[PDB]
Every structure is written in C-alpha cells, then in structure tokens.
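Worksheet for the structure shown next.
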Amino acid sequence: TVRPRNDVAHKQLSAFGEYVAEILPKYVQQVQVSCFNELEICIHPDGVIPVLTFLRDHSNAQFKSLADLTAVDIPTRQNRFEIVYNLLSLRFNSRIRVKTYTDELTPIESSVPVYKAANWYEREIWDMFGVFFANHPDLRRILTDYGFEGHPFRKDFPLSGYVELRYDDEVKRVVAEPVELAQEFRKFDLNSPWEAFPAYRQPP
Amino acid sequence: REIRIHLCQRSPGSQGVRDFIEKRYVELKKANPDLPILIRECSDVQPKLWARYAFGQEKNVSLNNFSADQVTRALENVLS
Amino acid sequence: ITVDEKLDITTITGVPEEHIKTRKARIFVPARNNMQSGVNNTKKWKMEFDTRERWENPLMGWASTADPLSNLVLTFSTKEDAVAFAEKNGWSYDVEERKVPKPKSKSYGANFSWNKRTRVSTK
Amino acid sequence: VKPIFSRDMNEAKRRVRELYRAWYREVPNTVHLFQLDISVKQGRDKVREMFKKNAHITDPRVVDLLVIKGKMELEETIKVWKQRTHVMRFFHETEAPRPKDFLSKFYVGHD
Amino acid sequence: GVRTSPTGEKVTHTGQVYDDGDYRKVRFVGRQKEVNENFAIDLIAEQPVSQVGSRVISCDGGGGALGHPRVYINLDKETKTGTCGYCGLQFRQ
Amino acid sequence: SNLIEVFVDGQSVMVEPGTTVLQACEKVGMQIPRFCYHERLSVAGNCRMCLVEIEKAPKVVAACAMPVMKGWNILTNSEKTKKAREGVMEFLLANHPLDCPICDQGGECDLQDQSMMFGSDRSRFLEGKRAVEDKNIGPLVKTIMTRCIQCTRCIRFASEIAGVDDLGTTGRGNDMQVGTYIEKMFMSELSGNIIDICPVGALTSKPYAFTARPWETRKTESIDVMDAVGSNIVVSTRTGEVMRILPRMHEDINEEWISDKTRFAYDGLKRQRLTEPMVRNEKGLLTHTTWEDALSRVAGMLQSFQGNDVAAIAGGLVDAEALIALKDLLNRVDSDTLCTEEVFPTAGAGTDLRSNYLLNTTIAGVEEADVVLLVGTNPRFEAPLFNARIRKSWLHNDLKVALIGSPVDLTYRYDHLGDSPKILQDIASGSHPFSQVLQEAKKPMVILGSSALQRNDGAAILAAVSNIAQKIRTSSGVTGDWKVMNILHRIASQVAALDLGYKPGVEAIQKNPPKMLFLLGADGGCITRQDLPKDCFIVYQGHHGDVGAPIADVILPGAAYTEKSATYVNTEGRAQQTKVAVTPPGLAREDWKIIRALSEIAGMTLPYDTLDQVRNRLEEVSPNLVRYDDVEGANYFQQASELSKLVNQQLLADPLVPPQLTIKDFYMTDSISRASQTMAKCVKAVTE
Ligand code: SF4
Ligand code: SF4
Ligand code: FES
Ligand SMILES: [Zn+2]
C-alpha cells in the first residue's frame, strides 16, 4: 500500500530492550520503551555518570558521541523535568535515548568527566529550566541577560516575559527595564473535540 | 444590633446548640420581639455566637462543646 | 551517604516581581462547549489565571493588556497534583470540583409508552 | 539517600555570610572601575534590600540554590562582563510606583 | 459615495464620524485621510438581477480562476430575489 | 444485584440493565461519533452514524437503539465499523452546501470535527446538491435550513422539553424541510437553547450573528445574574468584549441550558452603561467629574449625618461582596436601617432562620416529587429553567401538578384549583378538590412564588403556606428527609440579601424617611422625588443606568455581572462564584472597591484591603456563602411555622395574579434587559 512507512528492523533493535535490561540494576534500568526503531530508557537521577560510562567504549555497544542533551518540562508530574541524553553510535549506526527525572530543585550527577561537549548544554538547561548540576566546572548564563530574573522556558511564567520593554528615556545612557506593558498575544482556544486516536486513552 | 449563632449538621458542638434552637429559640422570638435574632447556618464549621453590639462593635463568643443550660445563660448575658 | 532529609513547605526561588501575591489561580476543569457535543477538552485539568484590565489601544484597534501572566493554560492529570503545583509556585488557588455527567437511563422503549405520558409525538 | 545541593541546614547560612562578605568588598570596584552612577553608600543599601526579600528560610535546598544563583549574578561584576550601566541596574529608577492604599490605587486604576 | 461629515473628515465603509470632543483627529491634520472612492454597498445594487429558467442555480465567480465555492441557491420564493453568501448577485424565477 | 458484565474491545465493564451501547462505551472512555443522541434529550436512530459492529452478527447496529444484554464484544475499531463511519459521512455531505466561510459556526461544528477524523479524505460526488428555501423563524434565531442535515433533534427539543410543538418534518426523500409549515413566528421560553441543540450551522443566534469564531474567543466561567435559578454559562470574550454567552453542563442549575432572556441579552450590558462619575451641577444637569472630587462630595454628606436618618435601598444586580461592604458601611458608621428592593414578609420570623428565607427543596430535587402544589405564580415568565425542570419531572415521571392562583399558559397539564386567596385557606383545611391528593403522596412539595408575595397580602399568603405545609408534612405526608414549603425569589439579589441580614421590602424606608440615601443599583420603583420629602442627595451605584439614574445627585459607576468577580446566591440556597471576564468600561470600579474607597475618604474606615479580606469578613457574617458550589439544607421547619402562625392578618379579596402573565412580558424586565438592542427588537416583533 502507498502512503505509510514499513518497519522490519524493530525486532533486531528490540534485543537491546532485553540486553541493557539483563544487566538489571534498580539503580539504572527502571522502565524500557521502544518504538519506530528508536530506544527510550528512563534512568534514576542518582546514577547518570556510571550509566554513561557504559555504552561508551563497550565492545557490544559503542556510542562515544553525544549529539543532543534536551530537557522536557512537564507540570503534570511531581518530578517536573525529564532530561533526555540523546546518544549516537558511529560504529554500529544506531540511536539511543537516556532519559532521567528531576523535581523542582535537586542536583543530578553531571556528565562532564564522561562527555566534553555536555558542559555547554548543561549551562543551557540551568538557564532555561533552572536545574542545577553537581560536579560542574564554571556554570554560567549564556542565552539569558546578565541581569535576568527567573528561567526563560518554565511554563509557570508567560511568553512575553516581565522585563520586556526597554526605553531610551530621560536618563542619557541607562536603558530602562522594569516596565511590563506589551501588545496582547491572541491565545487562540484551539483544541479539537473527539479523541482521534485509539490505543492511547486511559481509564480513570 | 442583631445576634447571630452558627449551627452545624455534625454531632459535636451541635448536640446542645440544636436543643437551644428548638426549645429556647422559639421562646426567644416571643421574649425579644423588637430585637432581630437570626441564626442562619447549615455548613460544617465550629459553632460561634458572634453577636453585633448597638453601634460600631461586634463581639464573638465560643459555643464549641457547650452545655444546653450554659448556652442559654451565655445568650442571656450577651443580650444585656 | 549524606542524605540530610528535611520536611518543609515549598517556596519560590526563581520567581518574578510582586504580582504572584495579588493574582489568584483558578484550577478548574474546562467545560464542554454548547455547540460541540464531544468530550475531549474535558477529563484534563487546566490552571487558568484570572484576567486583568484590557483596553482598546490608541495606536490602532487591537486590545492591548499590561498584565503579563494571563495568556497561559497548563495541563494536569490529577486534582491533587494541580493543587500541589499551585502551592509550589506561591499563588493562592481556588479549586473547583469536577462536574461529572449523571447517568440517565435513556431507553428507546419509553418513546412508545401506553400507560406513561412519555410517548413521543410525531416521530 | 537524598540530594543536599551544597550544605545541610546550618552551613548554608554560613555560605550566605560568605556571600555577603565577598559582595560587600566589591561595591568599590563597581564604582571606580565601572561607573559612578549613584553612590557608594546607596550601593551598600542596595545589598540590604535584596536580602530582606529573602527572609523566608525553610529549606537547605532553597538557600543553597540562591547562593549558587548569587555566585553568578553578583559574580558577573567581579570578572567584568558587558553591562555598561544599562545592564546590572537592579534598583528601579525610571518608573514611579503607586503606593498600596484603598484610596490611592482606586483613584489611579488598579485591579 | 459616502456623505461628508460637518467636522471635515470623510466617512468610511461604515458610519465612522469622529466626535468633536475626541482627541483622535490630530492624525488627519496636515496629512490626508485615505478613503476609497468606490464603495461596495452601492456596487451591489448597481449590478443587474439575472434571470434563471430552472429551480436551482449554482453560483460561481469564473470557475477555478476567480475565488468562489460552488453554492446552490433555492429559488422558490417569489418576493425578494435569492442571493449567494459571497457575491451580491441576485437571481429570479 | 442488577449488573451485566460486557466487553468493549475485549475489556470488562459493569453496566445497569436497560442502558444503551453508547452509555456502556462512555464508562470505559470511548466516544462513538453521533448526531441525534443527546444526554438530556430522547433517543432516535435518524442519521445512523453511531454504527458499531458487535462480532457474530450480519448487520451493524446503532449505539442509540440497542439495549445491552448479556455477552457482547463491542468492536469499535474493526474493518466494518470504519467503513460504516466513512460511508455515512459521505452521504451526509453529498447534499450539504459549501458554507464554512459564511457559516456562523466555525470550529464548534459537529460535521467538521467528525468528518476530518472519522470520514474519508475525498468524496466520490460529482453532480447533485439540493437547495432548501430558508424560513424566517424569529428575530432571535437566524435560520438557514439549507445546511440542516435533517437529524431530528430540534423537533424533539420543541416537543418533549420546550413543549411548544411547531417544528416538524414535511415531505419525503431529499425534499424534506425542517420547521413550521404555517410560517408562524416562533417565540417562546428556552428558544435561545435551540441554537446550541443544533449540531450544524442551521440554527444560530441572530443578535450575535457574526463577531468571532469559536477558536478566537477565550472562554471564561461565570454564574448568570438577572435570573431566579442562576444557570451556569461560559461567557466568551474576544479581546475585551463580551461576544457570546453559552450554557455549560451542570446538575444543580436545572440542566445544560440557559434562560432565553439571559442568553440572547448579551448586548444589553454594552449598549448603555455609566462610564464616568456624574455629580449634579449648579445649573441642574449631571456633569462628568474626577474620581477624587466626586467621592469627596459624597463623603461630605455621609460623614456629617449620623443616626437613623441614613438608609440604603439596594436590590436587583447586587453581589455578596457588595452586601457585606454596604452593611459594614451603614451599621458601623450610623444606625442600621438598610432596605431591600424586593418585597418579602418578615412579620413572623421572615429574615430569621434559613428555611423560611429560601426554598427548602433543591432545584434538582423537583424530579423526585409526587405532586407539586404551586401557588399563584407564572413559571413561564419567571425562571424558564425551573419551568423546564418541572416539565422534565412531569414528562419522565408521573406526577400531577396543581397551580392555584390565576390561570396562565404552561408547558405542562392544568389541574388548577380555582383563583382565590380563600381557596388557599380552604386548602389548609379538609378541601374537596385538593388536600386528599396531598395526604396520599410519597414526597409532595408546595412552591410559593415571590410574584404574589410582593403584594398587600404578604403575611396572609405566608401563613397559608406555613399552615398548609405544617398540617401536611408533620401529620402523615413526609416520611424522613423531605421538604414541604418552597420560596422562589424573582429578584437576583433577594435571596442573597435575606441571608446576609438586610431588612426586606421598602416599608423600612417608608416608615422613617432618610436625609441621604445611597441606593446601590436602584431599578424598582421604591424611591422617588415624591417618596422622599426632603433634599434628595441620592447616590446611585450600579451598572446600566436607565431608571433611577436621573433622580440622583451623585452617581458613581459600577461593574456588571460580567465585570465584578463576586459570589451570588441561588433560589435553592447555593453560593456560585462568578469570575471576571472583561474589564469595566470607562472609570467604573468594582462593587467591593467602591464602598471601601468611600470609607477611606470619610473618617470611619472599614477593615478591607483585598478581595480575600472581603471574603473573610463575609464568611464571619454568614458561613453558607463562604463555600462555593456547595448547598446545605436548613433545619427546624416546625419551629419556624409556630412563630409565623402567631401573627393575625386578614386575607385579600383580589385573586393572586402574577404581574408578568404574558409571553411578551418576560422580554423587557428588571431594567438590565430593558436597555438592549436585541431585547427591544424581540419585544416589538412579539406583538407584531
Ligand atoms: S455546518 Fe459545519 S460543515 Fe456545514 S457549512 Fe457550517 S461549518 Fe461547514
Ligand atoms: S435544524 Fe439542526 S437540530 Fe434541527 S433537524 Fe436540522 S440539523 Fe437537526
Ligand atoms: S447519533 Fe445514533 S443514529 Fe444518529
Ligand atoms: Zn456567488
């Protein structure tokens, strides 16, 4: 049939859903998810460094490269932040996701000794989300202003901000900051009634 | 000027309060015709006889787990 | 090693200016539309803040607002989770109970009644 | 078993004392090297009003996170980054605020 | 097309005369007000009513070239000519 | 114990016998696409869209029709169920015009949401498309019958619940027109709900017409004022303007419908309203002044006068926050003599005890009633939502309703027991047409209207209800927890004022004339130039000033029901909190802020800082208005009946007739709907 995509390598990739799980720590594994030839593993925050030393230079799983270090902010759970370490193997040609969970204000074990690229993405998470990282060298603000309040992404505060309007007013050199007036964002109440998808709805 | 009393649907603090509401309150309307005595309460809360004074004052008296004879005595002292 | 577990109420550290204490949150599940007869917007909690002053701008015709925290809708799975998140932010919340649809026995046999006055006239 | 950020209960307060000691010595550096702007005396008063807002000490985690945040927003002016008087001005001077009163706010336009 | 105000400024498509006490009139002092010469309201009545033989006719601008969704109009009523929701075009019989 | 185990896609679910396939699917979380079926309305298998295939069956059955028996595996996502939904959707849209841009319904449309998800991507259709001649139904409802999918839902609405009987199917096949054949101008109660009943853009609101699309307007929940029942309706705002008001589903407030006089009159709040504070000039006419200057002129008289010579007359569009603040400004600064606009009896413990002030029986409790012995009142004119509830209690369950006191047009039956106050006195004793039915009943309820109560025979009608109710319930009628007497207040503020501690009626102002009267939202004819025999100094504070506003010295502008965020009391006795949807126009302020600023300008200042501070002070005065959306029944009804019976009063000679006893009478009422472009157009066409 024309229009959908076919999958065949799902069973070959599902073996890692058993392989990493057969190492069997309550310290690491917890829950394993696999869909459309991609693996998602969510790992307890206490162990991150010993988890990422594995899958690195290991004979069966040789990743060595960290491409993305994205973070998911979600208010539904008690653990607010879901930091996703996206790894890519160049020897075996496969992608894996090392998910974690952190609450409002708890430090995670940062992967500075494991990955040399992590530190730049680690500064980005501390800016956008406010998730502090332990054993990190020089934690600095990159994207935010040098006098910025709050954390730019957090779903707690609005899209427009708080110190948005900047005048060149009566003071000769000083640019104004604390004025909070802006043009209104038309938040369209668009959400379609009737559930479009089966095998997703959960009973109360 | 008007007196107000809080009554609950629960058992504690309303065993003696409802007894004053059924036996004493019916006679209280006959005893004090000019002075308005309104006790309109049904929500689950701690009972209190918060009665307003003549002008620019309000005093609240506790009625939690009080005796039926003690409730009639406290209401008589508050009225004077 | 070294736990130092302390039990205390949540406080706002990464918080904006004095506007949290004045604004009140209304964590209430959104009601189904009058015209649209589908339940998908329901069964999910929404924490919408109370709307402040809005006026027509002298620049053109749009209605610009000074209030920053207004145009945000949050999602929650549980009523207890939404109440805990509101206390964590700092803002005072007024929670409303979810109005569940009552099960009414609507049978087709009632339309063609003999003794009952529930007989449907003209189809 | 549980994360502690940096310090446990008592030592976190001593870190604030360490932070206040360092930031009190940096206000002459933000006038002579940076720009005069206001005053040396008013600059030290700008410190006091910032810490008076943080009177709600309840957790070791909340205090330590504010210390780490304080070791960046006040560390910015030690190793001088681009601000040029327009940035790093915490005190509001351009805008005049309305006082909290039932007769004053209702006359102007609030809530 | 539209009637000129006693104040000075010309009225638009809708009756939009600025108030005498209103301060929003300084904008048109010096620089001219852009008011369209062709008014759409008068152009509806200007177009003649076309005659239909059959009961139901479908309205179109000019096929797929001129933008119009194909709407069928019922012509059972004798009084008041039937018009589509898009054009000001009217149909009889 | 009356439970059947069945499978939805192989998953176990327990259901009551008699329930439909769609009702069983709602339990697990599934929702089958529908067009005829409604939660409040009856069942019809017209459209045949809710097709769901159960295994081991040759034909696919509808979710509307079939009752669930033992052992069924209902397959929602089978090969045949998907083909059934895709098939019928193509039939529904084959003869339906391309009107989505010109359609009044946008994202809310049921055909749009379902055809995208369940229907096919492309249509086989080449030639056809029927066209339907539109019928002008009314000035309130715009009707384009070309878009109608002949679903038969409005026809069932007008017949079973509204009880008007005008809409009906005429013709066969394609040539079938929904509507009235005789071209009759359809105008009745609950007619502003038929626009929400219709799933497609066939029936729509004419006053609203074209302003915003469903996705564009931000929804906000609020309790509707100027109605006795107090229906919940989500008000939509499109950038600082109230565009449309649509009802939300609620168990207590009748059903999922709003009143016809409440829904259509959205433009009334926007047409005429006080923007700037107006004070009486030296010439005579009222002129616009500054907020600091206008308050100083009002405080100069308020602080000067002291004693019983200062009284406030408030009623109509008044809030609970306004009630707690005006009582704190009058009783504390001077002697308390505050009066209510609506007349209510207070001779035999009227204001005292919650059982006498408000209706004892719940608004949802009308369904579980054996016989309703209503007093001289019109349910069609006053509270259309309560009249629908009484009709639904009559349609679903067998219950004989009796209405004594002037015959009027009603949706139910008749069974009127004369038209006299003497007939009510005979009903208390061993009556011949009545009393016998009241004695042999499961749960009888007597509903006394405020329309007859606000007359010369106030205490006489109250004693007949207390004497009649006391002799019926206590003797043999009531068997446990059951209400006997009910009072439904016509005014919106009348139920709230009695609970707070306001003196009901204008008799308090008539007995002793005040020097300066601060009438908060004066609408009813109680205070006038002839009524007050001194220098006026009248202060008017309320939104939309047409009547009462010219006879005032210092008028201060206030916020409407959509503006101010404050609690409101229902007829049953429930506090519903309203949220602010739009900012007040001009220099107008909130009701709680207006009285607090007046105290701040004067010497004596009331303890209030914020909305939370005003809510805390309101909780201390009355705990019933503290908890939102929670109603509790009042105790000791026999004690209140004994105190009321002590007073002696003669019955009136004139029959108990309602002031509003017409279909056109319930269009322009209570002054709030009087200054409206939509209501005045409807009332003029009602006679013509
Ligand atoms: S009823 Fe729905 S599908 Fe039909 S024209 Fe209107 S919006 Fe479009
Ligand atoms: S007008 Fe609407 S509700 Fe009535 S039959 Fe047609 S589609 Fe159904
Ligand atoms: S919705 Fe069931 S047959 Fe139409
Ligand atoms: Zn056209």
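As you go down the protein sequences, you meet chains C, S, Q, W, R and G in turn. In this text, residue positions in the first sequence follow PDB author numbering: the first is 10, and each later residue adds one. In this text, residue positions in the second sequence follow PDB author numbering: the first is 16, and each later residue adds one. In this text, residue positions in the third sequence follow PDB author numbering: the first is 11, and each later residue adds one. In this text, residue positions in the fourth sequence follow PDB author numbering: the first is 16, and each later residue adds one. In this text, residue positions in the fifth sequence follow PDB author numbering: the first is 1, and each later residue adds one. In this text, residue positions in the sixth sequence follow PDB author numbering: the first is 6, and each later residue adds one. In this text, a Cβ means the ideal position worked out from N, Cα and C, and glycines have one as well.
In terms of residues, what are the limits of the alpha helix (DSSP H) holding G:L603? Unbroken alpha helix (DSSP H) run through G:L603: 596-606.
How many whole angstroms separate the CB atoms of C:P167 and Q:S80, which I take to be in contact at a CB cut-off of 8 Å? Sure, about 7 Å apart at Cβ, within 8 Å.
On the CB-based measure, 16 or more other CB atoms within 10 Å of its CB, does G:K224 come out buried or exposed? G:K224 comes out buried.
DSSP three-state call for G:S309: helix, strand or coil? Coil at G:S309, not helix or strand.
With three or more beta-carbon pairs closer than 8 Å as the criterion, would you say the region 55-68 of chain Q touches the region 253-273 of chain G? Taking 8 Å as the limit for Cβ pairs, the verdict is that the region 253-273 of chain G does not touch the region 55-68 of chain Q.
Could you check the C-alpha separation between G:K669 and G:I532 for me, to the nearest Å? C-alpha separation (whole angstroms): 27 Å.
Hey, does W:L118 have any beta-carbon neighbour from chain G nearer than 9 Å? Cβ-Cβ to chain G under 9 Å: yes for W:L118.
Quick check on W:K115 - is its C-beta less than 9 Å from some C-beta in chain C? For W:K115, the answer is no, since every Cβ of chain C falls outside 9 Å of its Cβ.
Taking any heavy atom of ligand 4 as the mark, which residues have a C-beta closer than 6 Å to it, listed down the chain? Qualifying residues, in the order they occur: R:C59, R:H68, R:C84, R:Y86, R:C87, R:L89.
For W:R113, name the three-state secondary structure that DSSP assigns. Annotated three-state conformation of W:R113 is coil, per DSSP.
Applying a beta-carbon distance threshold of less than 9 Å, which residues of chain Q neighbour W:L48? Correct list: empty, because the minimum Cβ distance to chain Q is about 29 Å.
On the three-pair Cβ rule with 8 Å, is the region 480-494 of chain G touching the region 409-418 of chain G? Below 8 Å, too few C-beta pairs join the region 480-494 of chain G and the region 409-418 of chain G to call them touching: fewer than three.
DSSP three-state call for Q:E97: helix, strand or coil? In the structure shown, Q:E97 sits in a helix (DSSP, three-state: H, G or I).
For G:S471, the nearest candidate out of G:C153, G:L364, G:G15, G:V552 (CA to CA): With distances taken between CA atoms, G:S471 lies nearest to G:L364 out of G:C153, G:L364, G:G15, G:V552.
Start-to-end residues for the alpha helix (DSSP H) that takes in G:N392: Its alpha helix (DSSP H) spans residues 389-400.
Beta-carbon of R:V17 versus every beta-carbon of chain G: anything under 9 Å? With a threshold of 9 Å between beta carbons, R:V17 makes no contact with chain G.
Whose CA, out of C:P161, C:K125, C:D16, C:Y110, lies closest to the CA of C:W135? Proximity to C:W135 across C:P161, C:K125, C:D16, C:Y110 peaks at C:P161, based on C-alpha coordinates.
Would you kindly check if the distance between the Cβ of W:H101 and the Cβ of C:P187 is under 9 Å? Note that the C-beta distance between C:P187 and W:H101 is not below 9 Å.
Between which residues of its own chain and G:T175 is the CB-CB distance below 6 Å, once the five residues before and five after are set aside? The beta carbon of G:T175 lies closer than 6 Å to those of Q182, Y186 in the same chain, with the five residues before and after it left out.
Measuring from each Cβ to the nearest heavy atom of ligand 3, keep the ones under 6 Å and list them in chain order. Ordered along the chain, the selected set is G:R39, G:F40, G:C41, G:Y42, G:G50, G:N51, G:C52, G:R53, G:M54, G:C55, G:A67, G:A68, G:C69.
If you draw a straight line from the C-alpha of Q:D14 to the C-alpha of S:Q85, how long is it? Answer to the nearest angstrom: the Cα atoms are 52 Å apart.
Roughly how many angstroms lie between the CA atoms of R:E37 and Q:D77, to the nearest whole one? If you take the alpha carbons of R:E37 and Q:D77, they lie about 41 Å apart.
What did DSSP end up calling C:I117 once you bin it into helix, strand or coil? Strand.
Counting only Cβ pairs nearer than 7 Å, list the residues of chain R close to G:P102. In chain order: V71, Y72.
Closer than 8 Å: G:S120 CB and nearest ligand 1 heavy atom: Relative to ligand 1, G:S120 has its C-beta within less than 8 Å of a heavy atom.
Boundaries (first-last residue) of the alpha helix (DSSP H) holding C:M137: Run containing C:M137: 127-137, per the alpha helix (DSSP H) assignment.
Using DSSP's beta-bridge definition, name the partner residues of G:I473. DSSP output for G:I473 lists no bridge partner at all.
At 9 Å on the CB atoms, spell out the chain G contacts of R:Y86, in chain order. By Cβ distance, chain G contributes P106, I107.
What are the uninterrupted segments assigned as alpha helix (DSSP H) that are 4 or more residues long and contained completely in the region 50-104 of chain Q, given in chain order? Correct list: 89-99.
Under the three-state reduction of DSSP, which class applies to G:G463: helix, strand or coil? Helix, per DSSP.
Alpha carbon to alpha carbon, what distance is there between Q:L84 and S:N47? Each residue's Cα considered, the two are about 56 Å apart.
Neighbour flag for C:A143 against chain W, beta carbons, 9 Å: It does: the Cβ of C:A143 has a partner Cβ on chain W nearer than 9 Å.
Using a Cβ-Cβ cutoff of 7 Å, what residues of the region 316-335 of chain G are near chain W? List them in chain order. For the region 316-335 of chain G, there are no residues whose beta carbon sits under 7 Å from a beta carbon of chain W.
Any beta carbon of chain G sitting closer than 9 Å to that of R:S58? Put simply, the CB of R:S58 is near chain G, with a gap under 9 Å to one of its CB atoms.
Leaving aside the five residues before and after G:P660 along the sequence, list all residues of the same chain whose C-beta is less than 6 Å from its C-beta, in chain order. Exclusion of the five residues before and after G:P660 leaves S411, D424, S425 as the residues of its chain whose Cβ lies within less than 6 Å of its Cβ.
So, is G:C41 buried or exposed, given that buried needs 16 or more other C-beta atoms within 10 angstroms? Classification of G:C41: buried, given that the 10 Å Cβ count is 16 or more.
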